[PDB]
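Below is protein-v3.cif, which holds mmCIF, N, CA and C atoms and all ligand atoms.
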```cif
data_entry
loop_
_atom_site.label_atom_id
_atom_site.label_comp_id
_atom_site.auth_asym_id
_atom_site.auth_seq_id
_atom_site.Cartn_x
_atom_site.Cartn_y
_atom_site.Cartn_z
N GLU A 1 72.33 -33.97 49.72
CA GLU A 1 72.28 -32.96 50.78
C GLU A 1 71.09 -32.02 50.59
N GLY A 2 69.92 -32.59 50.79
CA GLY A 2 68.68 -31.85 50.67
C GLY A 2 67.55 -32.60 51.32
N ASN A 3 66.35 -32.03 51.19
CA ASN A 3 65.13 -32.64 51.68
C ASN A 3 64.74 -33.90 50.92
N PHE A 4 65.30 -34.11 49.74
CA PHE A 4 65.23 -35.42 49.11
C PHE A 4 66.55 -35.69 48.40
N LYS A 5 67.26 -36.71 48.87
CA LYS A 5 68.63 -36.95 48.44
C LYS A 5 68.70 -38.11 47.46
N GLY A 6 69.29 -37.89 46.29
CA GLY A 6 69.43 -38.95 45.32
C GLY A 6 68.27 -39.02 44.35
N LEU A 7 67.77 -37.85 43.94
CA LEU A 7 66.66 -37.76 42.97
C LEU A 7 67.27 -37.17 41.70
N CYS A 8 67.42 -38.03 40.70
CA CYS A 8 68.34 -37.76 39.60
C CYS A 8 67.57 -37.21 38.42
N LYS A 9 67.82 -35.95 38.08
CA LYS A 9 67.08 -35.28 37.02
C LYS A 9 67.75 -35.49 35.67
N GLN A 10 66.96 -35.54 34.60
CA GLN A 10 67.50 -35.54 33.25
C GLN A 10 67.48 -34.10 32.76
N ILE A 11 68.60 -33.66 32.18
CA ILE A 11 68.80 -32.26 31.83
C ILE A 11 69.24 -32.17 30.36
N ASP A 12 68.70 -31.19 29.65
CA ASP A 12 69.08 -30.86 28.28
C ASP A 12 69.27 -29.35 28.15
N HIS A 13 69.34 -28.89 26.91
CA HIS A 13 69.40 -27.46 26.66
C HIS A 13 68.02 -26.85 26.80
N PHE A 14 67.97 -25.61 27.24
CA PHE A 14 66.72 -24.97 27.55
C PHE A 14 66.57 -23.65 26.80
N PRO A 15 65.39 -23.37 26.26
CA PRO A 15 65.20 -22.10 25.55
C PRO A 15 65.01 -20.89 26.46
N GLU A 16 66.05 -20.06 26.56
CA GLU A 16 65.95 -18.77 27.24
C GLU A 16 65.58 -17.67 26.26
N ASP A 17 65.77 -16.41 26.67
CA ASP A 17 65.30 -15.27 25.89
C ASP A 17 66.04 -15.13 24.57
N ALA A 18 65.29 -15.31 23.47
CA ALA A 18 65.66 -15.09 22.06
C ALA A 18 66.66 -16.11 21.51
N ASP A 19 67.20 -16.97 22.37
CA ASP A 19 67.82 -18.26 22.05
C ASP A 19 69.16 -18.19 21.31
N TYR A 20 69.53 -17.00 20.82
CA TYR A 20 70.65 -16.73 19.92
C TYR A 20 70.87 -17.80 18.84
N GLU A 21 69.85 -18.01 17.98
CA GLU A 21 69.96 -18.93 16.85
C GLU A 21 70.99 -18.47 15.83
N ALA A 22 71.21 -17.16 15.71
CA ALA A 22 72.24 -16.63 14.82
C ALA A 22 73.63 -17.04 15.28
N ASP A 23 73.78 -17.32 16.58
CA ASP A 23 74.97 -17.99 17.06
C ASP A 23 74.88 -19.48 16.74
N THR A 24 75.03 -19.81 15.46
CA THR A 24 74.96 -21.20 15.04
C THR A 24 76.22 -21.95 15.47
N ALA A 25 77.29 -21.21 15.74
CA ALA A 25 78.46 -21.81 16.37
C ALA A 25 78.14 -22.21 17.80
N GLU A 26 77.23 -21.48 18.44
CA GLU A 26 76.84 -21.83 19.80
C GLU A 26 75.78 -22.92 19.82
N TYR A 27 74.79 -22.81 18.93
CA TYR A 27 73.72 -23.80 18.88
C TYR A 27 74.24 -25.17 18.48
N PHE A 28 75.22 -25.19 17.57
CA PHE A 28 75.90 -26.44 17.26
C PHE A 28 76.71 -26.92 18.46
N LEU A 29 77.31 -25.98 19.19
CA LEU A 29 78.02 -26.34 20.41
C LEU A 29 77.05 -26.85 21.46
N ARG A 30 75.84 -26.31 21.48
CA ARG A 30 74.80 -26.92 22.31
C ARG A 30 74.44 -28.30 21.80
N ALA A 31 74.41 -28.46 20.47
CA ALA A 31 73.98 -29.72 19.89
C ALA A 31 74.99 -30.83 20.15
N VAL A 32 76.27 -30.48 20.17
CA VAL A 32 77.29 -31.47 20.50
C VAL A 32 77.24 -31.79 21.98
N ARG A 33 76.87 -30.79 22.79
CA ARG A 33 76.99 -30.90 24.24
C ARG A 33 76.05 -31.96 24.80
N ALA A 34 74.74 -31.80 24.59
CA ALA A 34 73.79 -32.74 25.18
C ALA A 34 73.82 -34.06 24.43
N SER A 35 74.92 -34.77 24.60
CA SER A 35 75.27 -35.99 23.91
C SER A 35 76.58 -36.47 24.51
N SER A 36 76.80 -37.76 24.50
CA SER A 36 78.10 -38.28 24.87
C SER A 36 78.97 -38.52 23.67
N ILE A 37 78.74 -37.81 22.56
CA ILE A 37 79.14 -38.17 21.20
C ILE A 37 80.62 -38.50 21.07
N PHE A 38 81.49 -37.69 21.65
CA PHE A 38 82.90 -38.06 21.68
C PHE A 38 83.25 -39.00 22.84
N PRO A 39 82.78 -38.78 24.08
CA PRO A 39 83.03 -39.81 25.10
C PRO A 39 82.36 -41.15 24.83
N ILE A 40 81.27 -41.20 24.07
CA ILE A 40 80.79 -42.52 23.68
C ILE A 40 81.68 -43.08 22.59
N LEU A 41 82.20 -42.22 21.72
CA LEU A 41 83.04 -42.70 20.64
C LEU A 41 84.41 -43.06 21.17
N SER A 42 84.79 -42.44 22.29
CA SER A 42 86.01 -42.81 22.97
C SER A 42 85.92 -44.23 23.51
N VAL A 43 84.71 -44.71 23.79
CA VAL A 43 84.54 -46.12 24.14
C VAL A 43 84.65 -46.99 22.90
N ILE A 44 84.12 -46.50 21.77
CA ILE A 44 83.89 -47.29 20.56
C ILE A 44 85.18 -47.84 19.98
N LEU A 45 86.11 -46.95 19.65
CA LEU A 45 87.39 -47.39 19.11
C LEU A 45 88.20 -48.13 20.15
N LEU A 46 88.04 -47.77 21.42
CA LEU A 46 88.63 -48.55 22.50
C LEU A 46 88.02 -49.93 22.58
N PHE A 47 86.72 -50.03 22.34
CA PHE A 47 86.13 -51.35 22.19
C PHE A 47 86.57 -52.01 20.90
N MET A 48 86.62 -51.25 19.81
CA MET A 48 87.02 -51.81 18.52
C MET A 48 88.49 -52.18 18.53
N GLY A 49 89.32 -51.37 19.17
CA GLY A 49 90.69 -51.78 19.43
C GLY A 49 90.78 -52.97 20.35
N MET B 1 62.12 1.59 22.93
CA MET B 1 62.62 0.73 23.99
C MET B 1 62.44 -0.71 23.57
N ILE B 2 63.53 -1.47 23.58
CA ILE B 2 63.50 -2.91 23.42
C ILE B 2 64.37 -3.52 24.51
N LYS B 3 64.43 -4.85 24.51
CA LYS B 3 65.05 -5.58 25.60
C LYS B 3 66.57 -5.40 25.60
N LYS B 4 67.17 -5.83 26.68
CA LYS B 4 68.61 -5.75 26.74
C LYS B 4 69.22 -6.79 25.80
N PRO B 5 70.40 -6.53 25.28
CA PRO B 5 71.21 -7.59 24.70
C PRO B 5 72.01 -8.25 25.81
N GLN B 6 72.58 -9.40 25.49
CA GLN B 6 73.52 -10.03 26.40
C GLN B 6 74.94 -9.71 25.97
N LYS B 7 75.90 -10.19 26.76
CA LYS B 7 77.30 -9.97 26.46
C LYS B 7 77.87 -11.07 25.58
N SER B 8 77.31 -11.21 24.38
CA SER B 8 77.69 -12.23 23.41
C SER B 8 79.18 -12.22 23.11
N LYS B 9 79.85 -13.28 23.54
CA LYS B 9 81.29 -13.36 23.63
C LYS B 9 81.92 -13.46 22.24
N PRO B 10 83.25 -13.28 22.13
CA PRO B 10 83.90 -13.59 20.85
C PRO B 10 83.89 -15.08 20.56
N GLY B 11 84.16 -15.40 19.30
CA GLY B 11 84.02 -16.75 18.79
C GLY B 11 85.33 -17.51 18.68
N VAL B 12 85.34 -18.46 17.75
CA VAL B 12 86.45 -19.40 17.61
C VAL B 12 87.68 -18.70 17.07
N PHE B 13 87.51 -17.89 16.04
CA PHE B 13 88.63 -17.22 15.40
C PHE B 13 88.86 -15.83 15.97
N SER B 14 88.57 -15.67 17.26
CA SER B 14 88.82 -14.46 18.01
C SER B 14 90.29 -14.08 18.08
N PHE B 15 91.19 -15.05 17.90
CA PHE B 15 92.61 -14.83 18.09
C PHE B 15 93.19 -13.87 17.06
N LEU B 16 92.64 -13.84 15.86
CA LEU B 16 93.14 -12.95 14.82
C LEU B 16 92.51 -11.56 14.88
N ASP B 17 92.01 -11.17 16.05
CA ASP B 17 91.60 -9.80 16.35
C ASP B 17 92.63 -8.71 16.03
N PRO B 18 93.95 -8.85 16.27
CA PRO B 18 94.84 -7.69 16.03
C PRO B 18 95.01 -7.26 14.59
N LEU B 19 94.60 -8.06 13.62
CA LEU B 19 94.89 -7.74 12.24
C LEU B 19 93.61 -7.69 11.42
N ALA B 20 93.63 -6.85 10.40
CA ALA B 20 92.56 -6.87 9.42
C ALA B 20 92.66 -8.12 8.57
N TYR B 21 91.51 -8.54 8.05
CA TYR B 21 91.41 -9.69 7.17
C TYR B 21 92.30 -9.54 5.95
N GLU B 22 92.38 -8.32 5.44
CA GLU B 22 93.20 -8.02 4.28
C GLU B 22 94.67 -8.01 4.62
N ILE B 23 95.02 -7.79 5.89
CA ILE B 23 96.42 -7.83 6.28
C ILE B 23 96.94 -9.25 6.21
N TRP B 24 96.16 -10.20 6.76
CA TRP B 24 96.51 -11.62 6.71
C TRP B 24 96.69 -12.10 5.29
N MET B 25 95.86 -11.60 4.39
CA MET B 25 95.91 -12.01 2.99
C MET B 25 97.21 -11.57 2.35
N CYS B 26 97.72 -10.40 2.74
CA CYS B 26 98.99 -9.93 2.22
C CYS B 26 100.15 -10.77 2.73
N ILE B 27 100.02 -11.31 3.94
CA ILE B 27 101.09 -12.06 4.56
C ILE B 27 101.36 -13.34 3.80
N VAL B 28 100.30 -14.03 3.40
CA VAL B 28 100.44 -15.31 2.74
C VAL B 28 101.04 -15.12 1.36
N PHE B 29 100.62 -14.05 0.68
CA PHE B 29 101.20 -13.70 -0.61
C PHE B 29 102.67 -13.37 -0.46
N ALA B 30 103.02 -12.69 0.62
CA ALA B 30 104.42 -12.46 0.92
C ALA B 30 105.12 -13.76 1.25
N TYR B 31 104.42 -14.67 1.92
CA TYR B 31 105.03 -15.89 2.41
C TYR B 31 105.52 -16.77 1.27
N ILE B 32 104.75 -16.82 0.19
CA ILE B 32 105.10 -17.70 -0.91
C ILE B 32 106.30 -17.16 -1.66
N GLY B 33 106.29 -15.87 -1.97
CA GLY B 33 107.27 -15.31 -2.88
C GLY B 33 108.67 -15.31 -2.30
N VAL B 34 108.77 -15.21 -0.98
CA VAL B 34 110.07 -15.24 -0.33
C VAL B 34 110.71 -16.60 -0.51
N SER B 35 109.90 -17.65 -0.46
CA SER B 35 110.42 -19.00 -0.61
C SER B 35 110.98 -19.23 -2.01
N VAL B 36 110.25 -18.81 -3.03
CA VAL B 36 110.65 -19.14 -4.38
C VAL B 36 111.82 -18.28 -4.84
N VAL B 37 111.98 -17.09 -4.26
CA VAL B 37 113.19 -16.32 -4.47
C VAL B 37 114.39 -17.06 -3.89
N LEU B 38 114.21 -17.66 -2.72
CA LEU B 38 115.25 -18.50 -2.18
C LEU B 38 115.42 -19.74 -3.02
N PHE B 39 114.33 -20.23 -3.61
CA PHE B 39 114.44 -21.31 -4.56
C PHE B 39 115.04 -20.84 -5.87
N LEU B 40 115.06 -19.55 -6.12
CA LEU B 40 115.78 -19.10 -7.30
C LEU B 40 117.27 -19.11 -7.04
N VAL B 41 117.68 -18.48 -5.94
CA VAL B 41 119.10 -18.28 -5.68
C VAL B 41 119.76 -19.60 -5.33
N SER B 42 119.21 -20.31 -4.37
CA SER B 42 119.63 -21.68 -4.16
C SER B 42 119.12 -22.52 -5.31
N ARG B 43 119.91 -23.52 -5.68
CA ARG B 43 119.69 -24.38 -6.85
C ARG B 43 119.55 -23.52 -8.11
N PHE B 44 120.69 -22.98 -8.51
CA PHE B 44 120.82 -22.12 -9.68
C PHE B 44 121.96 -22.62 -10.57
N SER B 45 122.38 -23.87 -10.33
CA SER B 45 123.66 -24.44 -10.76
C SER B 45 124.85 -23.55 -10.44
N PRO B 46 125.27 -23.45 -9.17
CA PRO B 46 126.57 -22.82 -8.89
C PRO B 46 127.71 -23.72 -9.33
N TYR B 47 128.01 -23.65 -10.61
CA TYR B 47 129.07 -24.45 -11.19
C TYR B 47 130.43 -23.84 -10.89
N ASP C 1 47.56 3.46 24.47
CA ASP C 1 46.21 3.87 24.14
C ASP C 1 45.96 5.30 24.59
N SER C 2 45.21 6.04 23.77
CA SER C 2 44.95 7.47 23.94
C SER C 2 46.25 8.26 24.03
N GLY C 3 47.22 7.88 23.22
CA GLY C 3 48.48 8.58 23.15
C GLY C 3 48.54 9.44 21.91
N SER C 4 49.24 10.57 22.04
CA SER C 4 49.43 11.46 20.91
C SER C 4 50.27 10.80 19.83
N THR C 5 51.19 9.93 20.22
CA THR C 5 51.99 9.19 19.26
C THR C 5 51.12 8.22 18.47
N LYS C 6 50.19 7.55 19.16
CA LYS C 6 49.18 6.73 18.51
C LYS C 6 48.33 7.56 17.57
N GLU C 7 48.13 8.83 17.89
CA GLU C 7 47.47 9.74 16.97
C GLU C 7 48.45 10.31 15.96
N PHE C 8 49.74 10.38 16.31
CA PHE C 8 50.73 10.94 15.41
C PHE C 8 50.87 10.11 14.15
N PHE C 9 51.00 8.80 14.30
CA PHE C 9 51.15 7.94 13.13
C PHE C 9 49.87 7.81 12.33
N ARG C 10 48.72 8.04 12.97
CA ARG C 10 47.49 8.23 12.22
C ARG C 10 47.59 9.45 11.31
N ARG C 11 48.28 10.48 11.77
CA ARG C 11 48.41 11.70 11.01
C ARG C 11 49.77 11.82 10.33
N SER C 12 50.71 10.94 10.65
CA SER C 12 52.03 11.02 10.05
C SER C 12 51.98 10.66 8.57
N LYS C 13 52.59 11.51 7.76
CA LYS C 13 52.56 11.37 6.32
C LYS C 13 53.81 10.71 5.76
N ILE C 14 54.81 10.47 6.60
CA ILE C 14 56.01 9.80 6.14
C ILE C 14 55.67 8.35 5.86
N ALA C 15 56.15 7.85 4.72
CA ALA C 15 55.61 6.62 4.13
C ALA C 15 55.90 5.41 4.99
N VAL C 16 57.09 5.35 5.58
CA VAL C 16 57.42 4.29 6.52
C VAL C 16 56.54 4.39 7.76
N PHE C 17 56.28 5.61 8.22
CA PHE C 17 55.43 5.81 9.38
C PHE C 17 53.99 5.50 9.05
N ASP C 18 53.60 5.83 7.82
CA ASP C 18 52.34 5.35 7.27
C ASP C 18 52.33 3.83 7.25
N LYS C 19 53.41 3.23 6.76
CA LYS C 19 53.50 1.78 6.66
C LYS C 19 53.52 1.12 8.03
N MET C 20 54.12 1.79 9.01
CA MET C 20 53.98 1.35 10.39
C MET C 20 52.55 1.48 10.85
N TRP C 21 51.94 2.64 10.57
CA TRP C 21 50.55 2.84 10.93
C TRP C 21 49.64 1.93 10.13
N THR C 22 50.04 1.60 8.90
CA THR C 22 49.35 0.58 8.13
C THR C 22 49.42 -0.76 8.84
N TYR C 23 50.57 -1.08 9.42
CA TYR C 23 50.65 -2.28 10.22
C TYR C 23 49.93 -2.11 11.54
N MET C 24 50.09 -0.96 12.18
CA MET C 24 49.58 -0.81 13.54
C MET C 24 48.06 -0.82 13.58
N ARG C 25 47.41 -0.32 12.54
CA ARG C 25 45.97 -0.49 12.45
C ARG C 25 45.60 -1.94 12.14
N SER C 26 46.50 -2.69 11.53
CA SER C 26 46.24 -4.07 11.17
C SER C 26 46.94 -5.05 12.09
N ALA C 27 47.62 -4.55 13.12
CA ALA C 27 48.29 -5.43 14.07
C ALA C 27 47.26 -6.17 14.90
N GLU C 28 47.25 -7.49 14.77
CA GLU C 28 46.24 -8.33 15.39
C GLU C 28 46.95 -9.45 16.14
N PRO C 29 46.86 -9.50 17.47
CA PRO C 29 46.05 -8.67 18.37
C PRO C 29 46.65 -7.31 18.67
N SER C 30 46.14 -6.67 19.72
CA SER C 30 46.49 -5.29 20.04
C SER C 30 47.94 -5.20 20.47
N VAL C 31 48.75 -4.56 19.63
CA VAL C 31 50.04 -4.07 20.09
C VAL C 31 49.87 -2.87 21.00
N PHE C 32 48.71 -2.23 20.96
CA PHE C 32 48.45 -1.06 21.76
C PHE C 32 48.12 -1.45 23.18
N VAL C 33 48.63 -0.67 24.12
CA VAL C 33 48.44 -0.93 25.54
C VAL C 33 47.84 0.30 26.19
N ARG C 34 47.19 0.08 27.32
CA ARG C 34 46.44 1.12 28.01
C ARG C 34 47.31 1.91 28.98
N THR C 35 48.17 1.24 29.73
CA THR C 35 49.01 1.90 30.71
C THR C 35 50.48 1.64 30.40
N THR C 36 51.34 2.23 31.22
CA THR C 36 52.74 2.36 30.87
C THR C 36 53.48 1.04 31.03
N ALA C 37 53.55 0.54 32.26
CA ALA C 37 54.29 -0.69 32.54
C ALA C 37 53.60 -1.91 31.96
N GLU C 38 52.34 -1.77 31.58
CA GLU C 38 51.64 -2.76 30.77
C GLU C 38 52.44 -3.12 29.53
N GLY C 39 52.87 -2.12 28.77
CA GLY C 39 53.70 -2.41 27.62
C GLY C 39 55.10 -2.83 27.97
N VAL C 40 55.59 -2.44 29.15
CA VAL C 40 56.98 -2.68 29.51
C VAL C 40 57.22 -4.16 29.77
N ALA C 41 56.49 -4.72 30.73
CA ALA C 41 56.63 -6.14 31.03
C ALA C 41 56.11 -7.01 29.90
N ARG C 42 55.27 -6.45 29.02
CA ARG C 42 54.92 -7.14 27.79
C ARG C 42 56.15 -7.39 26.93
N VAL C 43 56.99 -6.37 26.76
CA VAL C 43 58.25 -6.55 26.05
C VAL C 43 59.17 -7.48 26.83
N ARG C 44 59.17 -7.34 28.16
CA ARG C 44 60.04 -8.14 29.02
C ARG C 44 59.72 -9.61 28.94
N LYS C 45 58.46 -9.95 28.69
CA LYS C 45 58.09 -11.32 28.44
C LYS C 45 57.97 -11.63 26.96
N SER C 46 58.13 -10.64 26.08
CA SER C 46 58.03 -10.89 24.65
C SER C 46 59.19 -11.69 24.12
N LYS C 47 60.31 -11.74 24.86
CA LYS C 47 61.55 -12.40 24.45
C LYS C 47 62.03 -11.86 23.11
N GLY C 48 62.00 -10.54 22.97
CA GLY C 48 62.43 -9.91 21.75
C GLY C 48 61.49 -10.09 20.58
N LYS C 49 60.19 -10.17 20.82
CA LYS C 49 59.23 -10.34 19.74
C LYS C 49 58.21 -9.22 19.69
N1 LIG A 101 52.74 13.21 26.65
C1 LIG A 101 52.05 12.40 25.66
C2 LIG A 101 52.30 10.91 25.92
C3 LIG A 101 51.65 9.94 24.94
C4 LIG A 101 52.25 10.01 23.55
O1 LIG A 101 53.42 10.41 23.41
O2 LIG A 101 51.54 9.65 22.59
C5 LIG A 101 50.57 12.73 25.68
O3 LIG A 101 50.06 13.16 26.72
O4 LIG A 101 49.87 12.62 24.68
#
```
Kindly present the structure from the file in structure tokens form.
Amino acid sequence: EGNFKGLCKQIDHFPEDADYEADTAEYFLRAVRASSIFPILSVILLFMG
Amino acid sequence: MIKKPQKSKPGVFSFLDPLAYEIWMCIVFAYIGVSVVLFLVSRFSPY
Amino acid sequence: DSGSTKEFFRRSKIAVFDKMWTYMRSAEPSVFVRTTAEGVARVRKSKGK
């Protein structure tokens, strides 16, 4: 629903102001996020099963 | 003058906000001793 | 630039303020700015630096 429909962007985490690196609980949460790590692993044991 | 901070939210262990860290520590110490007192009275050979 | 505060730390005898002025004379490039909002949006794009 736009001037170009079906243009699929690749998206990751982006560095905003000061990045809150001291929030290592957040940065790790960012690190888990941009990944299919558990939904890919949800395939794995289901495939292995 | 420096930049604004953001509204950096509470974390994972936010739930234990109502108590001091030292209060929780007293609870566990209390938790053990109550059991072993019951382990004293129960199983004491009530012959 | 051409501020009394910029002259104050030149004349300030407090050791931390000296040490700031020791840095501020050695701050490369210019931390010093000519006009007001010049320094403001500089901080606003500094991302806390
Ligand atoms: N009112 C001050 C502003 C600059 C400063 O504080 O250094 C002046 O005219 O010198």
At a cut-off of 5 Å around ligand LIG 101 (chain A), and using all atoms listed in the file, what residues come up? Please write them as a PyMOL selection string.
chain C and resi 3-6
Margin query: Using DSSP secondary structure from the backbone, list all helix (DSSP H, G or I) positions within chain B, as a count of residues only.
Written below: 26
For chain B against chain C, with a cut-off of 8 Å and counting all atoms listed in the file, what is the closest atom pair and its distance in Å to one decimal for every residue that makes the cut, ordered by chain and number, as CSV?
```
residue,atom,partner,partner_atom,distance
B:1,C,C:43,CA,7.6
B:2,CA,C:43,CA,6.9
B:3,N,C:48,CA,6.1
B:4,N,C:44,CA,7.9
```
Show me a table, sorted first by chain and then by increasing residue number, of the residues of chain B having an atom at most 12 Å from chain A, each with its shortest atom pair and the distance in Å to one decimal, counting only C-alpha atoms and written as a Markdown table.
```
| residue | atom | partner | partner_atom | distance |
| --- | --- | --- | --- | --- |
| B:3 | CA | A:17 | CA | 9.7 |
| B:4 | CA | A:17 | CA | 10.1 |
| B:5 | CA | A:18 | CA | 9.7 |
| B:6 | CA | A:20 | CA | 9.8 |
| B:7 | CA | A:20 | CA | 11.5 |
| B:8 | CA | A:23 | CA | 9.0 |
| B:9 | CA | A:23 | CA | 10.2 |
| B:10 | CA | A:23 | CA | 10.7 |
| B:11 | CA | A:25 | CA | 7.9 |
| B:12 | CA | A:25 | CA | 8.4 |
| B:13 | CA | A:25 | CA | 11.2 |
```
Q: Pick out the residues sitting within 10 Å of range 30-47 of chain A, and hand them over as an MDAnalysis selection string; count only C-alpha atoms, and ignore anything fewer than 3 positions along from it in its own chain.
A: chainID A and resid 11:14 24:27
- request: Could you tell me how far CA of residue 38 in chain B lies from CA of residue 20 in chain B, in Å and to one decimal?
  value: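 So the answer is 28.0 Å.
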One decimal place gives the CA of residue 10 in chain C-CA of residue 37 in chain C separation as 23.2 Å
What is the distance between atom C of residue 33 in chain C and CA of residue 14 in chain C, in Å to one decimal?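 Those two atoms sit 23.6 Å apart.
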Chain C proximity check over A:48, A:6, A:29, A:19, using only C-alpha atoms: winner is A:19
Box dimensions and centre (Å, one decimal) enclosing range 14-30 of chain C, axis-aligned, 3 Å extra per side, as JSON:
```
{"center_x": 51.5, "center_y": 0.5, "center_z": 12.3, "size_x": 17.8, "size_y": 26.0, "size_z": 22.3}
```
